[PDB]
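Observations on chain architecture
The primary structure of each chain is shown beneath.
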Amino acid sequence: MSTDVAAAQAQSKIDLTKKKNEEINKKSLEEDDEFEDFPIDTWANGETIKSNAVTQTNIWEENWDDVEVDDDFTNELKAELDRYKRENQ
Amino acid sequence: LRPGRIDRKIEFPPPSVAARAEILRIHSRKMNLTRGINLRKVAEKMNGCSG
Amino acid sequence: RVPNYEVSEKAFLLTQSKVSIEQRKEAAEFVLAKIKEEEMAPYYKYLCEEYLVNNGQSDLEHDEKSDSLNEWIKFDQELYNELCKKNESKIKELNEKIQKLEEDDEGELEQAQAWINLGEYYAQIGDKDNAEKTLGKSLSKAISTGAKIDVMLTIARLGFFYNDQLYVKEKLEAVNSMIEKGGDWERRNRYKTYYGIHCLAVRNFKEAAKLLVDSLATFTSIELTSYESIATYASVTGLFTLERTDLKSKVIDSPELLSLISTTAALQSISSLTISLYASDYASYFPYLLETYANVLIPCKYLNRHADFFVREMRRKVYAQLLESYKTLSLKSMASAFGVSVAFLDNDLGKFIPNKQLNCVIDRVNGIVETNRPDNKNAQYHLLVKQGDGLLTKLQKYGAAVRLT
């Protein structure tokens, strides 16, 4: 996966010796494996395969609607429950 | 107009109603319209004689 | 062309579990018939993958299980005959014909246009990659600006068809530069209607709205969904973004809306919700809201995913508008007008107080709702420190990376 010449692509980064230093040293806290350890154990959630990826890691920005999981059934039931009393007065 | 002087004589008629609609659309590619404007009916209304 | 948008709407509903059985299977017949007919059979491989454990999930290329209610996921040998039949005739014809246009002696008219011709066939059948390659060749060589924008829209549409947004996103940003080079007000309008839809898919109604008012007057449908559809879409965006008076100008007194009437179930319900907000009718606001959830948001392919965000917002909008006008109210008073109980009201109110739109405290001793207003100069102060703090982060991080170099 490379596009154009390799001249433009050496001009937009040459890997740093500083980064080499940072990476290995951090690995001591990361134990034997801790890059894939957690998603290996939990099996990436025990749920239906489906076809969307807007539940977690959505493309569009995260807005809070995790509060209620479905407040549309709830609002329906509330309206109907008053509906009865009102009508039958 | 003698041969062996020229090599081609191209003739141009003025537009037909079909030809007209095309010529009209080119000038229309650069400005606003609204839905419901038929370029066909404006070709009929136009009797024209120039593009 | 026209077959591509209308099939995908219906096919999406086949995925949904939110539509009724009746509706789902009304759609399922339309899908299967027009894929076999027009040779959309390469896309049908995708679509089985897309239904897969929502509704549809018994397949001869994916998951074997009996919790499928759909038979219109399942392959047929009738379908396989259709694939092969059409593919071989058309392809055979079109490859030899095209090649000759490019072969013979003319590379600015004929060679450019032939590549469009390959591109129609890939676009017809819904293979994205091979449509992107051919139409790259047309753009690369030198042609009219008008053709350059027009070709590029088709590529964008293929993303919209697949229900993949990153693909659209890459395309219309490129097109946008070429618009002022051509100087074409016609294809700026056709650009607007496309960008409308892109902004709509991602959550950003603010841009959607500016463009959607524009798309009512002008657009001629070029592989995009009906003007009934667009009119409906304009209504929804209209309420969200614009204050009372701008709601009045741009939606209600729109010559465009007025002249298209209400001829579909989704337009009928939405036009009713716009009027009731404006009229300070509150009784019919909650009924109209339930009907718009079912009949507008769900059958959408762009506001079915934003459903939760949208219904939460309008609920917050109606409560807000009454409070903005009233220094005091009773819980009983407010609740009669809306048609819910007092208890049901108190919950919904106390949910929305910490989100800082409503700006009201509520007493339980006397049952009065007092309306505070701490938003003013103080408001603009919270925003500035916050955005400035972020800007600082950007300055240090970009800076430090370069200083090292």
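Residues numbered from 1 in each chain as written, not as in the entry; some residues may be left out. Chains lettered and ligands numbered in written order. Part of a larger assembly, values for the part shown. Heavy atoms only, no water.

**Considering the overall build of chain C**
A tally of helices and strands in chain C yields 20 helices and three strands. Over its C-alpha atoms, taken along the principal directions, chain C stretches across nearly 85 × 60 × 50 Å. Considering only contacts within chain C whose residues lie at least 6 apart along the sequence, 59% involve residues at least 24 apart. For chain C, the accessible area works out to roughly 20,200 Å², and carbon and sulfur atoms hold 52% of it. (Helix = DSSP H or I, 4+ residues; strand = E, 2+ residues; numbered from the N terminus. Contact = heavy atoms within 4.5 Å. Areas by Shrake-Rupley, 256 points an atom, 1.4 Å probe, with all protein chains shown as cover.)

**What about the overall build of chain B?**
If you tally the helices and strands in chain B, you get two helices and zero strands. Judged by the C-alpha coordinates and their principal axes, chain B covers about 55 × 20 × 15 Å. Residues counted as buried form 8% of the 51 residues belonging to chain B. Roughly 4,700 Å² of accessible area belongs to chain B as shown, and the carbon and sulfur atoms make up 56% of that amount. Of the charged side chains in chain B, 12 are positive and 4 negative; the average position of the first set lies 6 Å away from that of the second. (Buried < 20%, exposed > 50% of the residue type's maximum accessible area, 1.4 Å probe, protein only. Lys, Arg positive; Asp, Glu negative; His and termini not counted. Charge placed at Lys NZ, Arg CZ, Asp CG, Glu CD.)

**Here's the deal with the arrangement of the chains**
The assembly contains two pairs of chains in contact; the pair sharing the most contacts is chains A and C. Chain B makes no contact with chain A, the minimum C-alpha separation between the two being 33 Å.

**A word on the interface of chain B and chain C**
With eight residues of chain B at the interface, the matching set in chain C holds 16 residues. When chain B packs against chain C, close to 910 Å² is buried across both sides, 37% of that on carbon and sulfur atoms. When residues of chain B are sorted by the area they lose upon contact with chain C, B:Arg29, B:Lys30 and B:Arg35 head the list and together hold 65% of the total. Linking chain B to chain C there are one salt bridge. With a closest N to O distance of 3.0 Å, B:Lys30 and C:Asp184 form a salt bridge. (Buried area = accessible area lost by both parts, 1.4 Å probe. Salt bridge = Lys/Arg side-chain N within 4 Å of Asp/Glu carboxyl O.)

**Some thoughts on the environment of C:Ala27**
All names here are of chain C. Of note, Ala27 is situated in helix α2 (residues 21-38). With 15 residues separating them in the primary sequence, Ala27 and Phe12 have C-alpha atoms 9.0 Å apart. Sequence-distant contacts of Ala27, that is, excluding residues within four places in its chain, are made with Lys10 and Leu13.

**Some details on helix α20 (residues 377-404) of chain C**
Residue and element names in this part refer to chain C. Here α20 contains 28 residues, and its C-alpha end-to-end distance of 42 Å stays within 8% of the 40 Å for a straight helix at 1.5 Å per residue. Little of α20 is tucked away, with two of its 28 residues classed as buried. At the N-terminal boundary of α20, the capping side chain belongs to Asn376, with an oxygen 3.1 Å from the backbone nitrogen of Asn378. (Expected span 1.5 Å × (residues − 1). Polar contact = N/O pair within 3.5 Å; in protein donor to acceptor, adjacent residues only side chain to side chain.)

**Observations regarding a positive patch on the surface**
A contiguous patch of positive charge on the surface is contributed by A:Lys13, A:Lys18, A:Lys19, A:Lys26 and C:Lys397. A per-element tally of the positive patch places helix α1 (residues 17-26) of chain A first, with three residues. Tracing the sequence through the fold places A:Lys13 in the segment before α1. (Patch = residues over 30% accessible without salt bridge, like charges linked within 9 Å, V, L, I, M, F, W, Y side chains within 5 Å.)

**Digging into the sheet that holds strand β3 (residues 368-370) of chain C**
Hydrogen bonding along the main chain pairs the strands of a sheet, whether they run parallel or antiparallel. Residue and element names in this part refer to chain C. In space, the three strands of this open sheet follow the order β1-β3-β2, with antiparallel pairing throughout. Unpaired on one side and paired on the other, β1 (328-330) and β2 (361-362) mark the two borders of the sheet. Of the strand pairs in this sheet, β1 and β3 are connected by three bridges, and their pairing is antiparallel. Each residue of the ladder has a partner; that of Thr328, found in β3, is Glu370. (Pairing = 2+ DSSP bridges.)

**Notes on helix α1 (residues 3-15) of chain C**
Residue and element names in this part refer to chain C. For α1, spanning 13 residues, the distance from its first C-alpha to its last is 19 Å, which sits close to the expected 18 Å at 1.5 Å a residue. Along α1, the positions that sit buried rather than exposed are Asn4, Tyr5, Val7, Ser8, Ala11, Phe12, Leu13, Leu14 and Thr15. The inward-facing, buried residues of α1 contact α2, α3 (41-50), α5 (110-125) and α7 (145-162).

**What to know about the environment of C:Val151**
Residues and elements named next belong to chain C. Mapped onto the elements of the fold, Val151 is located in helix α7. Sequence separation of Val151 and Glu120 is 31 residues, and the distance between their C-alpha atoms is 10.0 Å. Setting aside residues no more than four positions away along its own chain, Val151 makes contact with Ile116, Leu135 and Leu139.

**With respect to the interface of chain C and chain A**
Listed per partner, the contact involves 28 residues of chain C and 25 residues of chain A. In this assembly, chain C packs against chain A so that about 2,400 Å² is buried in total across both faces, 55% of it on carbon and sulfur atoms. Ranking the residues of chain C by area buried against chain A places C:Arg203, C:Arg312 and C:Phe344 at the top, with a combined share of 21%. Our enumeration of links across chain C and chain A arrives at four salt bridges. Between C:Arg315 and A:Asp71 there is a salt bridge, with its nearest N and O atoms 3.3 Å apart. If you look at where chain C meets chain A, you find four residue pairs in polar contact. Contributing elements (two or more residues each) for the side of chain C that touches chain A: α3, α16 (285-297), α17 (307-325) and α19 (342-352) of chain C. With five residues, α17(C) is the largest single contributor of residues to the side of chain C that touches chain A.

**Some thoughts on the UniProt feature "repeat: TPR" in chain C**
Those places that UniProt annotates as "repeat: TPR" correspond, in this numbering, to residues 112-145 of chain C. Counted over residues 112-145 of chain C, helix gives 79% and strand 0%. Its end C-alpha atoms are 13 Å apart. (UniProt positions renumbered as here; feature names shortened; annotations may be inferred.)

**Quick notes on the nonpolar core**
Residue and element names in this part refer to chain C. Counting residues in hydrophobic clusters, the biggest one holds 71 residues, and the most contacted among them are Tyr319, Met334, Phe338 and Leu345. For this core, the element with the highest residue contribution is α17, accounting for nine residues. Residue contacts for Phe338: discarding those within four places in its chain leaves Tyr282, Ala283, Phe286, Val318, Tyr319, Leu322 and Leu345. Residues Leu47, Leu52, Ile73 and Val151 belong to the second largest nonpolar core, which totals 26 residues. (Core = buried A, V, L, I, M, F, W, Y, C linked by side-chain atoms within 4.5 Å.)

**Overview of the pattern of salt bridges**
A full pass over the atoms with the stated rule returns 28 salt bridges over all chains. Notably, a salt bridge pairs C:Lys90 with C:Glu39, separated by 3.9 Å at the nearest N-O pair. With C:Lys90 in helix α4 (residues 77-103) and C:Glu39 in the loop between α2 and α3, this pair connects stretches of sequence that are 51 residues apart. Residue class for C:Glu39 comes out buried when judged on its relative accessible area of 1%. In this structure, C:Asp214 engages C:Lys192 in a salt bridge whose closest nitrogen and oxygen atoms are separated by 3.8 Å. You can see C:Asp214 sitting in helix α11 (residues 206-217) and its partner C:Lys192 sitting in helix α10 (residues 185-201), a full 22 residues away along the chain. On the basis of relative accessible area, C:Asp214 is assigned to the partly exposed category, the value being 25%. Counted as one network, the salt bridges with shared partners bring together A:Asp71, C:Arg315 and C:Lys351.

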